[PDB]
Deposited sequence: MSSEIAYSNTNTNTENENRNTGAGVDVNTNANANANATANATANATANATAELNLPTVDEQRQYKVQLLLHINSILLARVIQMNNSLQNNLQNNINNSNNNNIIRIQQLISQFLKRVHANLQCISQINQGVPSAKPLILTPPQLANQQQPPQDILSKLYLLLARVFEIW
């Protein structure tokens, strides 16, 4: 019997929690990119460096999309939905994006 107010609180909570995981993963990969840049060789020809940057971009795009959706939800915008409902690229982020997609399909 979830009220509209409960549905809305669930949406905000889940978007916030996913953002925290996304942001934590970016801090991890960024520290890793910085150490790699400092410690590795031939970083002109290191595909790993570009792929990490691309991955970080995917995570940060999602953080922004989720922030804007939270903002719309708080503004009472009808049928606010995250622009991105897939996970980037056992893994908790992937389970939570599936739940996110389901929440915005059923409510």
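S.K.: What stretches of this chain's deposited sequence are missing C-alpha coordinates?
M.R.: Residues missing from the model, as numbered along the full deposited sequence, span 1-54, 144-151.
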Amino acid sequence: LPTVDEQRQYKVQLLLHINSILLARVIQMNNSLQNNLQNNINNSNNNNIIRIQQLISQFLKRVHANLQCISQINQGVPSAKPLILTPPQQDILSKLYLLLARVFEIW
From here on, numbers count along this sequence of modelled residues.
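S.K.: As stated in the PDB record, which stretch has the larger average Cα B-factor, 32-40 or 62-70?
M.R.: Taking the mean C-alpha B-factor of 32-40 and of 62-70, the larger value falls to 32-40.
S.K.: 92-100 versus 13-21: which one carries the higher mean Cα B factor per the record?
M.R.: The stretch with the larger average C-alpha B-factor is 92-100.
S.K.: So where's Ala80 on the chain's Cα temperature factor ranking, which third?
M.R.: Highest third - that is where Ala80 ends up once the chain's C-alpha B-factors are sorted.
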